[PDB]
Amino acid sequence: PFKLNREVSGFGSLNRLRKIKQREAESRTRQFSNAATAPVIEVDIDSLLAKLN
RNA sequence: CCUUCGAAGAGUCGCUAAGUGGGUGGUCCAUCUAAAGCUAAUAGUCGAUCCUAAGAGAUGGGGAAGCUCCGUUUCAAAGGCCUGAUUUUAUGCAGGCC
């Protein structure tokens, strides 16, 4: 398995607000319906890996 | 016009208060509302210049209505220097000496 890089790494004020903004966008990209018939969520891996590389 | 409400200056008045309270007058009555404020009518070479001596005298602080006085290192945050791969949640100075 590949060792990727986390999006925001730090706890200073700038990094803490980066974390806030990154979590705020996670409520809209990785949605899970908690249902048996939930679809498998597929996203744009190219952009994410651009963030994680 | 109708209806529902309706605060009031304390080390102050007089050691130290009150809220139909209080202040001042009159032989019970009369009159005002303090302790807040505004408002017109011939020298690098000789000396000084530099250094400190007895002493004087700022700052810190204190007294006095004040012009000013006391006190000279005093319960003052009274200033200089050095080191470092750039300082470990990521490039907002850390440590040391007198």
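Residues numbered from 1 in each chain as written, not as in the entry; some residues may be left out. Chains lettered and ligands numbered in written order. Part of a larger assembly, values for the part shown. Heavy atoms only, no water.

As summarised from the PDB record, the model derives from cryo-EM at a stated resolution of 2.98 Å.

**Observations regarding unusual backbone geometry**
We note that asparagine 34 has phi near 60°; this positive angle belongs to a residue other than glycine. Within the element layout of this structure, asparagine 34 appears in the loop between α1 (13-29) and α2 (45-51). When its relative accessible area of 79% is taken as the criterion, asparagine 34 is described as exposed. (Helix = DSSP H or I, 4+ residues; strand = E, 2+ residues; numbered from the N terminus. Buried < 20%, exposed > 50% of the residue type's maximum accessible area, 1.4 Å probe, protein only.)

**A word on the protein's contact with RNA strand B**
Close to RNA strand B lie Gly10, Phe11, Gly12 and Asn15. Backbone polar atom of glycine 12 to a phosphate oxygen of RNA strand B: 2.9 Å apart, as the coordinates give it. Between RNA strand B and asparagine 15 there is a distance of 2.6 Å, counted from a phosphate oxygen to a side-chain nitrogen or oxygen. Taken together, the residues that form the surface near RNA strand B break down as 1 nonpolar, 3 polar and no charged. (Near = heavy atom within 4 Å. Polar contact = N/O pair within 3.5 Å; in protein donor to acceptor, adjacent residues only side chain to side chain. Nonpolar A, V, L, I, M, F, W, Y, C, P; charged D, E, K, R; others polar.)

**Focus on the layout of surface pockets**
Empty space among the atoms can be located by rolling a probe the size of a water molecule over them. The space that makes up the largest pocket amounts to roughly 330 Å³. Along its surface, the largest pocket is lined by 13 residues, and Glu7, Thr29, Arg30, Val43 and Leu48 are the ones closest to its centre. When grouped by side-chain class, the residues that make up the lining of the largest pocket number 5 nonpolar, 3 polar and 5 charged. (1 Å grid on protein atoms, 1.4 Å probe; cavity = no way out; pocket = protein on both sides within 12 Å on 5 of 7 lines; lining within 4 Å. Points joined across faces, edges and corners; volume = space filled by probe spheres on them.)

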